[PDB]
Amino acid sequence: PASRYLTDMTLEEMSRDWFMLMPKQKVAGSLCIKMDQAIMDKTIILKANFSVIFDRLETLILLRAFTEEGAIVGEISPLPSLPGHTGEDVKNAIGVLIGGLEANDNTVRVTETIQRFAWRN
């Protein structure tokens, strides 16, 4: 069955190139987690793009962390060369990103989209 994609992000927020002043990268499961460890005391929202089949979110395509002004400070992207991530890989990557950002005293929330994927896997 062909997939459709449900996103929280505009096409520009998904393709905008961003960089970290203080890079931090971890690879967990088959996902790449990035976070600018220079960002502190900001209000962050995690926004995602999922592939959706039969009204249920299936796979993570892109996850991006945005400040209230709109700057990209973090990202969770799959690695194409590596075998497909599971629902557990995604949940763990979210916790890794959240924990990392909160360590720099950043307030972080997720969209209903992420909340529904997590709760259902």
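The first residue of the sequence shown is number 1, and the count goes up from there.
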* Identify the stretch, either 79 to 87 or 65 to 73, whose C-alpha atoms have the larger mean B-factor according to the entry. => 65 to 73
* Asked: Which has the higher mean CA temperature factor in the PDB entry, 50 to 58 or 29 to 37?
  -> 29 to 37
* **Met14 - Cα temperature factor, lowest/middle/highest third of chain** => lowest
* Within-chain third of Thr7 by Cα B-factor, per the entry -> lowest
